[PDB]
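J.: PDB entry and its sequence, pasted below:
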Amino acid sequence: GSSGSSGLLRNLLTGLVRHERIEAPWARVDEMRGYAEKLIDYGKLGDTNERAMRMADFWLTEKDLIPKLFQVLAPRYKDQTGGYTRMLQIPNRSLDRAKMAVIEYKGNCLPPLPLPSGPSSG
């Protein structure tokens, strides 16, 4: 279907790390997930590789988020053995049916939420 974009994806990565959690559709989650995931992998290497630095600076503008990500998630995952981010499914609160999802980094300090009991949401 739809694939390819600019500017928007960059804002998603910056916002996701800032609040270590953001709300976006499947198309955005999958597309952003691939870019965000790769970014984390490079960060684990440290602020020594030009590729990782350029990627963080190119993808993330926040001059503070660039260094923090390498001194926050980079080290946090450095040990981890995979699975950095997590995708969650959520209902749509719009007139017309829509596909929304919630993404969060495996390592946040946010409160949980009550899962839907009914086998059908919409």
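T.: Thanks, I have the structure now. Residues are numbered from 1 along each chain as shown.
J.: quick one: the helices in the protein?
T.: Assigned by DSSP state H, the chain shows helices spanning 8-18, 26-45, 50-59, 65-70, 73-79.
J.: right, and the ones you listed - which one's nearest residue 91?
T.: helix 26-45 (13.0 Å; C-beta to C-beta). Just so you know, the C-beta spots here come from the backbone N, C-alpha and C atoms, and that holds for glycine as well.
J.: Quick one: work out the angle between that closest one and helix 50-59.
T.: 140 degrees (axes from the mean of the first three to the mean of the last three C-alpha atoms, to 10 degrees).
J.: mind listing what's buried in helix 26-45?
T.: Across helix 26-45, burial judged by 16 or more other C-beta atoms under 10 Å covers 28-29, 31-33, 36, 39-40, 42-44.
J.: Name the nearest of those relative to residue 90.
T.: Checking the buried residues of helix 26-45 against residue 90 with C-beta to C-beta, the nearest one is residue 29 at 10.5 Å.
J.: how close does the closest one sit to residue 101?
T.: 5 Å (C-beta to C-beta, to the nearest Å).
J.: where do the contact lists of those two overlap?
T.: Common contact partners of residue 29 and residue 101 (C-beta atoms under 8 Å, 6 or more residues apart in numbering): residue 87.
J.: picking that back up, redo the helices of the chain as TSV? Include distance to residue 93.
T.: Shown next, in TSV, are the helices of the chain (distance: least, C-beta to C-beta, whole Å):
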stretch	distance to residue 93
helix 8-18	20
helix 26-45	16
helix 50-59	29
helix 65-70	29
helix 73-79	30
